[PDB]
file my_file.tsv (TSV, N, CA and C atoms)
chain	number	residue	atom	x	y	z
Z	1	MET	N	64.57	96.81	-45.42
Z	1	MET	CA	65.81	97.21	-44.69
Z	1	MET	C	66.59	98.27	-45.49
Z	2	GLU	N	67.29	99.10	-44.73
Z	2	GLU	CA	68.06	100.25	-45.22
Z	2	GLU	C	69.31	99.73	-45.92
Z	3	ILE	N	69.81	100.43	-46.93
Z	3	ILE	CA	70.98	99.93	-47.66
Z	3	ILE	C	72.23	100.69	-47.22
Z	4	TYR	N	73.25	99.92	-46.84
Z	4	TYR	CA	74.53	100.43	-46.52
Z	4	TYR	C	75.55	99.88	-47.51
Z	5	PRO	N	75.88	100.64	-48.58
Z	5	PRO	CA	76.84	100.13	-49.57
Z	5	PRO	C	78.24	100.08	-49.00
Z	6	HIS	N	79.15	99.37	-49.66
Z	6	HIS	CA	80.52	99.36	-49.21
Z	6	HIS	C	81.13	100.76	-49.47
Z	7	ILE	N	81.70	101.36	-48.45
Z	7	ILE	CA	82.30	102.70	-48.55
Z	7	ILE	C	83.70	102.58	-47.96
Z	8	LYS	N	84.73	102.88	-48.75
Z	8	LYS	CA	86.07	103.03	-48.19
Z	8	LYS	C	86.24	104.52	-47.93
Z	9	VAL	N	86.70	104.85	-46.71
Z	9	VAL	CA	87.06	106.22	-46.29
Z	9	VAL	C	88.57	106.39	-46.42
Z	10	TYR	N	89.02	107.19	-47.36
Z	10	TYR	CA	90.43	107.46	-47.46
Z	10	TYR	C	90.93	108.39	-46.34
Z	11	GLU	N	91.95	107.93	-45.65
Z	11	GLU	CA	92.57	108.70	-44.60
Z	11	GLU	C	94.07	108.66	-44.76
Z	12	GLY	N	94.72	109.70	-44.25
Z	12	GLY	CA	96.16	109.83	-44.33
Z	12	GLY	C	96.59	111.26	-44.58
Z	13	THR	N	97.85	111.40	-44.94
Z	13	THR	CA	98.49	112.68	-45.16
Z	13	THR	C	99.07	112.68	-46.58
Z	14	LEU	N	98.64	113.63	-47.38
Z	14	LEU	CA	99.15	113.75	-48.76
Z	14	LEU	C	100.40	114.62	-48.73
Z	15	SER	N	100.88	115.01	-49.91
Z	15	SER	CA	102.23	115.59	-50.03
Z	15	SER	C	102.45	116.88	-49.24
Z	16	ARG	N	103.61	116.94	-48.56
Z	16	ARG	CA	104.02	118.13	-47.81
Z	16	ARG	C	105.52	118.36	-47.96
Z	17	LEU	N	105.88	119.59	-48.31
Z	17	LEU	CA	107.28	120.01	-48.38
Z	17	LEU	C	107.39	121.38	-47.68
Z	18	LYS	N	107.47	121.31	-46.34
Z	18	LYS	CA	107.34	122.48	-45.48
Z	18	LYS	C	108.31	122.41	-44.29
Z	19	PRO	N	108.70	123.59	-43.73
Z	19	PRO	CA	109.58	123.52	-42.54
Z	19	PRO	C	108.95	122.76	-41.37
Z	20	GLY	N	109.80	122.23	-40.50
Z	20	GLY	CA	109.39	121.65	-39.23
Z	20	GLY	C	108.82	120.24	-39.26
Z	21	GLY	N	108.90	119.57	-40.40
Z	21	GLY	CA	108.37	118.19	-40.50
Z	21	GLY	C	109.02	117.45	-41.65
Z	22	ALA	N	108.92	116.12	-41.62
Z	22	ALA	CA	109.30	115.27	-42.75
Z	22	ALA	C	108.71	115.78	-44.08
Z	23	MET	N	109.50	115.62	-45.13
Z	23	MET	CA	108.91	115.71	-46.44
Z	23	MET	C	108.04	114.48	-46.60
Z	24	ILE	N	106.83	114.70	-47.09
Z	24	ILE	CA	105.98	113.63	-47.60
Z	24	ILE	C	105.74	113.88	-49.06
Z	25	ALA	N	106.21	112.95	-49.92
Z	25	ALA	CA	106.02	113.09	-51.38
Z	25	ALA	C	105.18	111.88	-51.84
Z	26	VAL	N	103.92	112.12	-52.19
Z	26	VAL	CA	103.07	111.04	-52.69
Z	26	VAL	C	103.13	111.14	-54.20
Z	27	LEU	N	104.02	110.33	-54.80
Z	27	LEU	CA	104.41	110.53	-56.20
Z	27	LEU	C	103.82	109.44	-57.07
Z	28	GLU	N	103.29	109.83	-58.23
Z	28	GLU	CA	102.77	108.89	-59.22
Z	28	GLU	C	103.54	109.02	-60.53
Z	29	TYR	N	104.09	107.90	-60.97
Z	29	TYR	CA	104.82	107.75	-62.20
Z	29	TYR	C	103.91	106.99	-63.19
Z	30	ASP	N	104.30	107.04	-64.45
Z	30	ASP	CA	103.72	106.22	-65.50
Z	30	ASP	C	104.50	104.91	-65.68
Z	31	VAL	N	103.76	103.80	-65.58
Z	31	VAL	CA	104.30	102.45	-65.75
Z	31	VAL	C	104.98	102.23	-67.10
Z	32	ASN	N	104.39	102.79	-68.15
Z	32	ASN	CA	104.95	102.65	-69.51
Z	32	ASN	C	106.33	103.36	-69.60
Z	33	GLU	N	106.41	104.53	-68.97
Z	33	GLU	CA	107.67	105.27	-68.87
Z	33	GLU	C	108.71	104.56	-67.94
Z	34	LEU	N	108.29	104.07	-66.78
Z	34	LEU	CA	109.24	103.29	-65.98
Z	34	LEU	C	109.80	102.04	-66.71
Z	35	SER	N	108.91	101.26	-67.32
Z	35	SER	CA	109.29	100.04	-68.03
Z	35	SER	C	110.27	100.32	-69.14
Z	36	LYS	N	110.02	101.41	-69.88
Z	36	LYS	CA	110.95	101.91	-70.89
Z	36	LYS	C	112.38	102.19	-70.38
Z	37	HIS	N	112.55	102.82	-69.19
Z	37	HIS	CA	113.91	103.08	-68.61
Z	37	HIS	C	114.45	101.89	-67.78
Z	38	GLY	N	113.85	100.71	-67.97
Z	38	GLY	CA	114.37	99.44	-67.44
Z	38	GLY	C	113.82	99.02	-66.10
Z	39	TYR	N	112.71	99.63	-65.67
Z	39	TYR	CA	112.07	99.26	-64.40
Z	39	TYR	C	111.06	98.11	-64.53
Z	40	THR	N	111.56	96.89	-64.33
Z	40	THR	CA	110.73	95.71	-64.60
Z	40	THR	C	109.82	95.39	-63.41
Z	41	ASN	N	110.43	95.28	-62.23
Z	41	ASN	CA	109.72	95.11	-60.96
Z	41	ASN	C	109.64	96.54	-60.42
Z	42	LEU	N	108.43	97.07	-60.47
Z	42	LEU	CA	108.13	98.37	-59.91
Z	42	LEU	C	108.34	98.37	-58.39
Z	43	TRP	N	108.41	97.19	-57.80
Z	43	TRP	CA	108.63	97.05	-56.35
Z	43	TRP	C	110.08	97.24	-55.92
Z	44	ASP	N	111.01	97.03	-56.85
Z	44	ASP	CA	112.43	97.00	-56.61
Z	44	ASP	C	113.07	98.35	-56.91
Z	45	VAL	N	112.87	99.25	-55.96
Z	45	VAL	CA	113.27	100.64	-56.14
Z	45	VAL	C	113.68	101.23	-54.80
Z	46	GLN	N	114.55	102.22	-54.89
Z	46	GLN	CA	115.03	102.93	-53.78
Z	46	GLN	C	114.90	104.39	-54.15
Z	47	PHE	N	114.72	105.22	-53.15
Z	47	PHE	CA	114.66	106.67	-53.36
Z	47	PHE	C	115.74	107.33	-52.57
Z	48	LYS	N	116.35	108.33	-53.17
Z	48	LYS	CA	117.19	109.27	-52.45
Z	48	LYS	C	116.55	110.66	-52.50
Z	49	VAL	N	116.56	111.33	-51.35
Z	49	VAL	CA	116.09	112.68	-51.24
Z	49	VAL	C	117.38	113.51	-51.15
Z	50	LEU	N	117.52	114.40	-52.11
Z	50	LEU	CA	118.67	115.31	-52.29
Z	50	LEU	C	118.36	116.78	-51.89
Z	51	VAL	N	119.17	117.35	-51.01
Z	51	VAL	CA	118.97	118.76	-50.67
Z	51	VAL	C	120.21	119.54	-51.12
Z	52	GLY	N	119.96	120.58	-51.89
Z	52	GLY	CA	121.03	121.45	-52.40
Z	52	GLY	C	120.59	122.36	-53.52
Z	53	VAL	N	121.55	122.76	-54.34
Z	53	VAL	CA	121.29	123.71	-55.43
Z	53	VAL	C	121.46	122.98	-56.76
Z	54	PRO	N	120.44	123.02	-57.65
Z	54	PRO	CA	120.52	122.30	-58.92
Z	54	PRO	C	121.40	122.94	-59.92
Z	55	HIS	N	121.91	122.10	-60.79
Z	55	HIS	CA	122.82	122.55	-61.80
Z	55	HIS	C	122.00	123.40	-62.83
Z	56	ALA	N	122.54	124.55	-63.26
Z	56	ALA	CA	121.76	125.49	-64.08
Z	56	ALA	C	121.33	124.91	-65.45
Z	57	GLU	N	122.09	123.94	-65.96
Z	57	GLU	CA	121.80	123.36	-67.27
Z	57	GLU	C	120.99	122.05	-67.18
Z	58	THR	N	121.33	121.16	-66.24
Z	58	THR	CA	120.70	119.81	-66.15
Z	58	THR	C	119.58	119.74	-65.13
Z	59	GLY	N	119.56	120.64	-64.15
Z	59	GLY	CA	118.51	120.61	-63.10
Z	59	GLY	C	118.82	119.64	-61.94
Z	60	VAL	N	119.93	118.92	-62.07
Z	60	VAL	CA	120.31	117.93	-61.06
Z	60	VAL	C	121.13	118.59	-59.94
Z	61	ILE	N	120.80	118.20	-58.73
Z	61	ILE	CA	121.63	118.50	-57.56
Z	61	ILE	C	122.81	117.50	-57.48
Z	62	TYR	N	123.93	117.86	-58.14
Z	62	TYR	CA	125.09	117.02	-58.20
Z	62	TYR	C	125.87	116.96	-56.90
Z	63	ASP	N	125.85	118.05	-56.14
Z	63	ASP	CA	126.64	118.13	-54.90
Z	63	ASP	C	125.70	118.47	-53.79
Z	64	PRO	N	124.78	117.54	-53.45
Z	64	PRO	CA	123.84	117.80	-52.36
Z	64	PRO	C	124.58	118.12	-51.05
Z	65	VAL	N	124.02	119.03	-50.28
Z	65	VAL	CA	124.50	119.30	-48.92
Z	65	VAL	C	123.98	118.25	-47.94
Z	66	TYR	N	122.89	117.58	-48.30
Z	66	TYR	CA	122.32	116.53	-47.49
Z	66	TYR	C	121.64	115.51	-48.48
Z	67	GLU	N	121.88	114.22	-48.25
Z	67	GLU	CA	121.10	113.19	-48.92
Z	67	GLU	C	120.49	112.31	-47.86
Z	68	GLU	N	119.41	111.65	-48.23
Z	68	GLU	CA	118.72	110.67	-47.40
Z	68	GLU	C	118.10	109.55	-48.26
Z	69	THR	N	118.40	108.30	-47.91
Z	69	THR	CA	117.78	107.14	-48.56
Z	69	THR	C	116.46	106.87	-47.90
Z	70	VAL	N	115.44	106.61	-48.73
Z	70	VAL	CA	114.08	106.35	-48.26
Z	70	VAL	C	113.48	105.10	-48.90
Z	71	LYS	N	112.93	104.27	-48.05
Z	71	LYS	CA	112.22	103.08	-48.49
Z	71	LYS	C	110.80	103.56	-48.58
Z	72	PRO	N	110.21	103.52	-49.79
Z	72	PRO	CA	108.87	104.05	-49.93
Z	72	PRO	C	107.79	103.13	-49.33
Z	73	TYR	N	106.66	103.73	-49.00
Z	73	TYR	CA	105.40	103.03	-48.82
Z	73	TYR	C	104.73	102.94	-50.16
Z	74	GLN	N	104.30	101.75	-50.55
Z	74	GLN	CA	103.67	101.54	-51.87
Z	74	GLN	C	102.21	101.11	-51.72
Z	75	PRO	N	101.28	102.00	-51.99
Z	75	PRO	CA	99.84	101.67	-52.06
Z	75	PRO	C	99.57	100.46	-52.91
Z	76	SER	N	98.65	99.60	-52.48
Z	76	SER	CA	98.35	98.36	-53.22
Z	76	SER	C	97.57	98.59	-54.48
Z	77	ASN	N	96.74	99.62	-54.49
Z	77	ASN	CA	95.85	99.94	-55.59
Z	77	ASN	C	96.29	101.17	-56.36
Z	78	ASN	N	96.35	101.03	-57.67
Z	78	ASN	CA	96.84	102.08	-58.52
Z	78	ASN	C	95.87	102.32	-59.68
Z	79	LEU	N	95.82	103.57	-60.10
Z	79	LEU	CA	95.14	103.93	-61.33
Z	79	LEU	C	95.75	103.11	-62.51
Z	80	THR	N	94.96	102.85	-63.56
Z	80	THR	CA	95.46	102.13	-64.72
Z	80	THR	C	96.71	102.83	-65.29
Z	81	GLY	N	97.77	102.02	-65.45
Z	81	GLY	CA	99.07	102.41	-65.97
Z	81	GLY	C	99.88	103.33	-65.06
Z	82	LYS	N	99.46	103.51	-63.82
Z	82	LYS	CA	100.19	104.40	-62.89
Z	82	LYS	C	100.82	103.60	-61.76
Z	83	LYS	N	101.81	104.21	-61.10
Z	83	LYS	CA	102.46	103.62	-59.95
Z	83	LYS	C	102.77	104.69	-58.91
Z	84	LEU	N	102.12	104.52	-57.75
Z	84	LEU	CA	102.28	105.42	-56.58
Z	84	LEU	C	103.41	104.93	-55.67
Z	85	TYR	N	104.24	105.87	-55.25
Z	85	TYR	CA	105.20	105.67	-54.17
Z	85	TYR	C	105.06	106.84	-53.19
Z	86	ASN	N	105.01	106.52	-51.90
Z	86	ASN	CA	104.95	107.51	-50.85
Z	86	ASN	C	106.33	107.57	-50.22
Z	87	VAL	N	107.01	108.70	-50.46
Z	87	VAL	CA	108.41	108.91	-50.06
Z	87	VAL	C	108.39	109.95	-48.93
Z	88	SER	N	108.78	109.53	-47.71
Z	88	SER	CA	108.69	110.36	-46.49
Z	88	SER	C	110.03	110.27	-45.79
Z	89	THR	N	110.62	111.43	-45.49
Z	89	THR	CA	111.92	111.51	-44.86
Z	89	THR	C	111.77	111.12	-43.36
Z	90	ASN	N	112.87	110.81	-42.69
Z	90	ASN	CA	112.87	110.29	-41.31
Z	90	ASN	C	113.02	111.38	-40.20
Z	91	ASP	N	112.55	112.59	-40.48
Z	91	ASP	CA	112.77	113.76	-39.57
Z	91	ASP	C	112.43	113.52	-38.11
Z	92	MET	N	111.24	112.96	-37.89
Z	92	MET	CA	110.76	112.62	-36.55
Z	92	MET	C	111.78	111.83	-35.71
Z	93	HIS	N	112.60	110.97	-36.32
Z	93	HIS	CA	113.52	110.08	-35.60
Z	93	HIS	C	114.99	110.41	-35.81
Z	94	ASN	N	115.34	111.41	-36.64
Z	94	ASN	CA	116.76	111.63	-36.87
Z	94	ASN	C	117.27	113.03	-36.50
Z	95	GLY	N	116.47	113.80	-35.76
Z	95	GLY	CA	116.79	115.20	-35.47
Z	95	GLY	C	116.35	116.25	-36.52
Z	96	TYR	N	115.33	115.88	-37.32
Z	96	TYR	CA	114.76	116.76	-38.32
Z	96	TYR	C	115.81	117.19	-39.34
Z	97	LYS	N	116.60	116.23	-39.79
Z	97	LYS	CA	117.74	116.50	-40.65
Z	97	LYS	C	117.33	117.10	-42.02
Z	98	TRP	N	116.39	116.44	-42.71
Z	98	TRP	CA	115.93	116.94	-43.99
Z	98	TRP	C	115.33	118.37	-43.85
Z	99	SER	N	114.33	118.57	-43.00
Z	99	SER	CA	113.71	119.90	-42.88
Z	99	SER	C	114.67	121.00	-42.39
Z	100	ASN	N	115.48	120.73	-41.38
Z	100	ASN	CA	116.44	121.72	-40.88
Z	100	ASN	C	117.42	122.11	-41.97
Z	101	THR	N	117.88	121.15	-42.77
Z	101	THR	CA	118.81	121.45	-43.87
Z	101	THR	C	118.13	122.21	-45.01
Z	102	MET	N	117.05	121.62	-45.56
Z	102	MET	CA	116.26	122.24	-46.65
Z	102	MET	C	115.97	123.72	-46.37
Z	103	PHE	N	115.47	124.02	-45.16
Z	103	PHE	CA	115.08	125.38	-44.81
Z	103	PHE	C	116.13	126.19	-44.07
Z	104	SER	N	117.38	125.74	-44.07
Z	104	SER	CA	118.49	126.51	-43.52
Z	104	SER	C	118.99	127.51	-44.53
Z	105	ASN	N	118.57	127.42	-45.79
Z	105	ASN	CA	119.05	128.29	-46.87
Z	105	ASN	C	118.00	128.30	-47.99
Z	106	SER	N	117.35	129.46	-48.19
Z	106	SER	CA	116.32	129.66	-49.21
Z	106	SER	C	116.79	129.39	-50.65
Z	107	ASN	N	118.09	129.23	-50.92
Z	107	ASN	CA	118.52	128.73	-52.24
Z	107	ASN	C	118.35	127.21	-52.40
Z	108	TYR	N	118.14	126.52	-51.29
Z	108	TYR	CA	118.16	125.06	-51.34
Z	108	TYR	C	116.83	124.57	-51.91
Z	109	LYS	N	116.97	123.48	-52.65
Z	109	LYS	CA	115.86	122.69	-53.21
Z	109	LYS	C	115.94	121.21	-52.77
Z	110	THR	N	114.80	120.53	-52.89
Z	110	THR	CA	114.73	119.12	-52.62
Z	110	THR	C	114.41	118.41	-53.94
Z	111	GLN	N	115.27	117.49	-54.30
Z	111	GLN	CA	115.07	116.63	-55.49
Z	111	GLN	C	115.01	115.14	-55.12
Z	112	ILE	N	114.10	114.43	-55.76
Z	112	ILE	CA	113.86	113.00	-55.42
Z	112	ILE	C	114.38	112.11	-56.54
Z	113	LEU	N	115.34	111.24	-56.23
Z	113	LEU	CA	115.96	110.37	-57.20
Z	113	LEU	C	115.43	108.97	-57.00
Z	114	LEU	N	114.92	108.37	-58.08
Z	114	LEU	CA	114.46	106.96	-58.11
Z	114	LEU	C	115.54	106.12	-58.82
Z	115	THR	N	115.99	105.08	-58.14
Z	115	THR	CA	116.88	104.10	-58.76
Z	115	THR	C	116.27	102.76	-58.45
Z	116	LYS	N	116.88	101.68	-58.93
Z	116	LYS	CA	116.61	100.36	-58.39
Z	116	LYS	C	117.05	100.17	-56.94
Z	117	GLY	N	116.54	99.11	-56.35
Z	117	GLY	CA	116.76	98.75	-54.94
Z	117	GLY	C	118.19	98.87	-54.44
Z	118	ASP	N	119.13	98.52	-55.31
Z	118	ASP	CA	120.53	98.45	-54.97
Z	118	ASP	C	121.31	99.64	-55.52
Z	119	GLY	N	120.61	100.63	-56.05
Z	119	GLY	CA	121.23	101.88	-56.46
Z	119	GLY	C	121.46	101.98	-57.95
Z	120	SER	N	121.44	100.82	-58.62
Z	120	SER	CA	121.72	100.77	-60.06
Z	120	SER	C	120.48	101.27	-60.79
Z	121	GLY	N	120.55	101.15	-62.12
Z	121	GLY	CA	119.46	101.48	-63.01
Z	121	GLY	C	119.63	102.87	-63.54
Z	122	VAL	N	118.79	103.20	-64.51
Z	122	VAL	CA	118.68	104.55	-65.00
Z	122	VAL	C	118.18	105.43	-63.84
Z	123	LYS	N	118.87	106.53	-63.63
Z	123	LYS	CA	118.51	107.48	-62.58
Z	123	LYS	C	117.38	108.37	-63.07
Z	124	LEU	N	116.25	108.30	-62.36
Z	124	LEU	CA	115.03	109.00	-62.70
Z	124	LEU	C	114.80	110.07	-61.64
Z	125	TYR	N	114.91	111.34	-62.05
Z	125	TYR	CA	114.84	112.50	-61.15
Z	125	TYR	C	113.52	113.22	-61.22
Z	126	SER	N	113.10	113.74	-60.09
Z	126	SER	CA	112.08	114.78	-59.99
Z	126	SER	C	112.77	116.11	-60.24
Z	127	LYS	N	111.94	117.10	-60.53
Z	127	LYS	CA	112.30	118.48	-60.51
Z	127	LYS	C	112.92	118.82	-59.14
Z	128	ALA	N	113.93	119.70	-59.13
Z	128	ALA	CA	114.44	120.23	-57.87
Z	128	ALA	C	113.41	121.22	-57.35
Z	129	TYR	N	112.75	120.80	-56.29
Z	129	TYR	CA	111.57	121.51	-55.75
Z	129	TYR	C	111.90	122.49	-54.65
Z	130	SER	N	111.15	123.57	-54.65
Z	130	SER	CA	111.08	124.46	-53.54
Z	130	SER	C	109.95	124.05	-52.60
Z	131	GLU	N	109.81	124.82	-51.54
Z	131	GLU	CA	108.75	124.69	-50.58
Z	131	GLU	C	107.43	124.50	-51.33
Z	132	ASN	N	106.60	123.62	-50.79
Z	132	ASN	CA	105.29	123.30	-51.39
Z	132	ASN	C	105.33	122.78	-52.82
Z	133	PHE	N	106.44	122.14	-53.17
Z	133	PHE	CA	106.71	121.54	-54.47
Z	133	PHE	C	106.65	122.55	-55.60
Z	134	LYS	N	106.99	123.80	-55.33
Z	134	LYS	CA	106.97	124.81	-56.36
Z	134	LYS	C	108.30	124.78	-57.10
call {"tool": "encode", "arguments": {"input": "my_file.tsv", "output": "structure tokens"}}
result
Amino acid sequence: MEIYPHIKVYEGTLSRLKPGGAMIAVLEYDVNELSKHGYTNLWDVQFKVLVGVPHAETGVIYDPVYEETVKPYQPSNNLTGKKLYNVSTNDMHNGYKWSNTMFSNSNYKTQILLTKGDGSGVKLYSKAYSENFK
């Protein structure tokens, strides 16, 4: 008899930061680095998506023109010492708020803030990104 090994087919949508659709950020952090900044339960986290202009010295968008709270999708399987979070804005259901704002002004950037579930904790920022995470 012919052999059919177990094959998982990965399907889905990887990261997108483009006009006309939700931001999809498939982000991987280091567990050792999260644990160090006080992240004990990697499950207990909230994300804010910040749209605006970053501060020239710190890189933080302190006065976002738009913010959005996102409950991530968390893949069950992770590379050793890594932690994936899939952070996707609610554009499809909210009037395309994130994309319309982000791309209403070519100076604007999108920055992703990780905190604990209730907003506390050390604030862990992504780079303030341009289109296509540049």
call {"tool": "residues_around", "arguments": {"input": "my_file.tsv", "residues": "residue 53 (chain Z)", "least_positions_apart": "5", "cutoff": "8 Å", "atoms": "only N, CA and C atoms", "output": "ChimeraX atom specification"}}
result
/Z:59-65,107-110,128
call {"tool": "write_last_selection", "arguments": {"input": "my_file.tsv", "atoms": "N, CA and C atoms", "output": "short mmCIF file (atom, residue, chain, number, x, y, z; two decimals), in the frame of the given file"}}
result
data_model
loop_
_atom_site.label_atom_id
_atom_site.label_comp_id
_atom_site.auth_asym_id
_atom_site.auth_seq_id
_atom_site.Cartn_x
_atom_site.Cartn_y
_atom_site.Cartn_z
N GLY Z 59 119.56 120.64 -64.15
CA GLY Z 59 118.51 120.61 -63.10
C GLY Z 59 118.82 119.64 -61.94
N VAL Z 60 119.93 118.92 -62.07
CA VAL Z 60 120.31 117.93 -61.06
C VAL Z 60 121.13 118.59 -59.94
N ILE Z 61 120.80 118.20 -58.73
CA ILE Z 61 121.63 118.50 -57.56
C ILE Z 61 122.81 117.50 -57.48
N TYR Z 62 123.93 117.86 -58.14
CA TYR Z 62 125.09 117.02 -58.20
C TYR Z 62 125.87 116.96 -56.90
N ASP Z 63 125.85 118.05 -56.14
CA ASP Z 63 126.64 118.13 -54.90
C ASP Z 63 125.70 118.47 -53.79
N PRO Z 64 124.78 117.54 -53.45
CA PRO Z 64 123.84 117.80 -52.36
C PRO Z 64 124.58 118.12 -51.05
N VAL Z 65 124.02 119.03 -50.28
CA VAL Z 65 124.50 119.30 -48.92
C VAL Z 65 123.98 118.25 -47.94
N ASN Z 107 118.09 129.23 -50.92
CA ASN Z 107 118.52 128.73 -52.24
C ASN Z 107 118.35 127.21 -52.40
N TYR Z 108 118.14 126.52 -51.29
CA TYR Z 108 118.16 125.06 -51.34
C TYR Z 108 116.83 124.57 -51.91
N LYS Z 109 116.97 123.48 -52.65
CA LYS Z 109 115.86 122.69 -53.21
C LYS Z 109 115.94 121.21 -52.77
N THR Z 110 114.80 120.53 -52.89
CA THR Z 110 114.73 119.12 -52.62
C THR Z 110 114.41 118.41 -53.94
N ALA Z 128 113.93 119.70 -59.13
CA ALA Z 128 114.44 120.23 -57.87
C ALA Z 128 113.41 121.22 -57.35
#
call {"tool": "residues_around", "arguments": {"input": "my_file.tsv", "residues": "residue 67 (chain Z)", "least_positions_apart": "3", "cutoff": "8 Å", "atoms": "only N, CA and C atoms", "output": "NGL selection string"}}
result
:Z and (48-52 or 63-64 or 70 or 98)
call {"tool": "atom_distance", "arguments": {"input": "my_file.tsv", "atom1": "atom C of residue 126 (chain Z)", "atom2": "atom N of residue 113 (chain Z)"}}
result
6.8 Å
call {"tool": "closest_residue", "arguments": {"input": "my_file.tsv", "among": "Z:90, Z:80, Z:58, Z:132", "to": "residue 19 (chain Z)", "atoms": "all atoms listed in the file"}}
result
Z:132
call {"tool": "atom_distance", "arguments": {"input": "my_file.tsv", "atom1": "atom N of residue 8 (chain Z)", "atom2": "CA of residue 74 (chain Z)"}}
result
19.2 Å
call {"tool": "select_by_dssp", "arguments": {"input": "my_file.tsv", "residues": "chain Z", "states": "alpha helix (DSSP H)", "output": "mmCIF file with N, CA and C atoms, in the coordinates of the input"}}
result
data_model
loop_
_atom_site.group_PDB
_atom_site.id
_atom_site.type_symbol
_atom_site.label_atom_id
_atom_site.label_comp_id
_atom_site.auth_asym_id
_atom_site.auth_seq_id
_atom_site.Cartn_x
_atom_site.Cartn_y
_atom_site.Cartn_z
ATOM 1 N N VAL Z 31 103.760 103.800 -65.580
ATOM 2 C CA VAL Z 31 104.300 102.450 -65.750
ATOM 3 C C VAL Z 31 104.980 102.230 -67.100
ATOM 4 N N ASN Z 32 104.390 102.790 -68.150
ATOM 5 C CA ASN Z 32 104.950 102.650 -69.510
ATOM 6 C C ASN Z 32 106.330 103.360 -69.600
ATOM 7 N N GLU Z 33 106.410 104.530 -68.970
ATOM 8 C CA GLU Z 33 107.670 105.270 -68.870
ATOM 9 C C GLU Z 33 108.710 104.560 -67.940
ATOM 10 N N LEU Z 34 108.290 104.070 -66.780
ATOM 11 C CA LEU Z 34 109.240 103.290 -65.980
ATOM 12 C C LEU Z 34 109.800 102.040 -66.710
ATOM 13 N N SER Z 35 108.910 101.260 -67.320
ATOM 14 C CA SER Z 35 109.290 100.040 -68.030
ATOM 15 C C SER Z 35 110.270 100.320 -69.140
ATOM 16 N N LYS Z 36 110.020 101.410 -69.880
ATOM 17 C CA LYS Z 36 110.950 101.910 -70.890
ATOM 18 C C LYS Z 36 112.380 102.190 -70.380
ATOM 19 N N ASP Z 91 112.550 112.590 -40.480
ATOM 20 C CA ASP Z 91 112.770 113.760 -39.570
ATOM 21 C C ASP Z 91 112.430 113.520 -38.110
ATOM 22 N N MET Z 92 111.240 112.960 -37.890
ATOM 23 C CA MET Z 92 110.760 112.620 -36.550
ATOM 24 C C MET Z 92 111.780 111.830 -35.710
ATOM 25 N N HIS Z 93 112.600 110.970 -36.320
ATOM 26 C CA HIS Z 93 113.520 110.080 -35.600
ATOM 27 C C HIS Z 93 114.990 110.410 -35.810
ATOM 28 N N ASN Z 94 115.340 111.410 -36.640
ATOM 29 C CA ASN Z 94 116.760 111.630 -36.870
ATOM 30 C C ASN Z 94 117.270 113.030 -36.500
ATOM 31 N N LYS Z 97 116.600 116.230 -39.790
ATOM 32 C CA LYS Z 97 117.740 116.500 -40.650
ATOM 33 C C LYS Z 97 117.330 117.100 -42.020
ATOM 34 N N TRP Z 98 116.390 116.440 -42.710
ATOM 35 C CA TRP Z 98 115.930 116.940 -43.990
ATOM 36 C C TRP Z 98 115.330 118.370 -43.850
ATOM 37 N N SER Z 99 114.330 118.570 -43.000
ATOM 38 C CA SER Z 99 113.710 119.900 -42.880
ATOM 39 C C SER Z 99 114.670 121.000 -42.390
ATOM 40 N N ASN Z 100 115.480 120.730 -41.380
ATOM 41 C CA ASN Z 100 116.440 121.720 -40.880
ATOM 42 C C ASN Z 100 117.420 122.110 -41.970
ATOM 43 N N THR Z 101 117.880 121.150 -42.770
ATOM 44 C CA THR Z 101 118.810 121.450 -43.870
ATOM 45 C C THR Z 101 118.130 122.210 -45.010
ATOM 46 N N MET Z 102 117.050 121.620 -45.560
ATOM 47 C CA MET Z 102 116.260 122.240 -46.650
ATOM 48 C C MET Z 102 115.970 123.720 -46.370
#
call {"tool": "closest_residue", "arguments": {"input": "my_file.tsv", "among": "Z:97, Z:116, Z:37, Z:127", "to": "residue 20 (chain Z)", "atoms": "only C-alpha atoms"}}
result
Z:97
call {"tool": "residues_around", "arguments": {"input": "my_file.tsv", "residues": "residue 32 (chain Z)", "least_positions_apart": "5", "cutoff": "10 Å", "atoms": "only C-alpha atoms", "output": "MDAnalysis selection string"}}
result
chainID Z and resid 37 39 81:83
call {"tool": "atom_distance", "arguments": {"input": "my_file.tsv", "atom1": "atom C of residue 16 (chain Z)", "atom2": "atom C of residue 92 (chain Z)"}}
result
15.2 Å
call {"tool": "residues_around", "arguments": {"input": "my_file.tsv", "residues": "residue 96 (chain Z)", "least_positions_apart": "3", "cutoff": "12 Å", "atoms": "only C-alpha atoms", "output": "list in words"}}
result
residues 18, 19, 20, 21, 22, 23, 66, 68, 89, 90, 91, 92, 93, 99, 100, 101, 102, 103 and 104 of chain Z
call {"tool": "closest_residue", "arguments": {"input": "my_file.tsv", "among": "Z:10, Z:133, Z:29, Z:125", "to": "residue 112 (chain Z)", "atoms": "all atoms listed in the file"}}
result
Z:125
call {"tool": "closest_residue", "arguments": {"input": "my_file.tsv", "among": "Z:47, Z:75, Z:17, Z:33", "to": "residue 117 (chain Z)", "atoms": "all atoms listed in the file"}}
result
Z:47
call {"tool": "residues_near_point", "arguments": {"input": "my_file.tsv", "point": "(107.7, 109.1, -47.1)", "cutoff": "6 Å", "atoms": "only N, CA and C atoms", "output": "number ranges by chain"}}
result
Z: 23-25, 72-73, 86-89
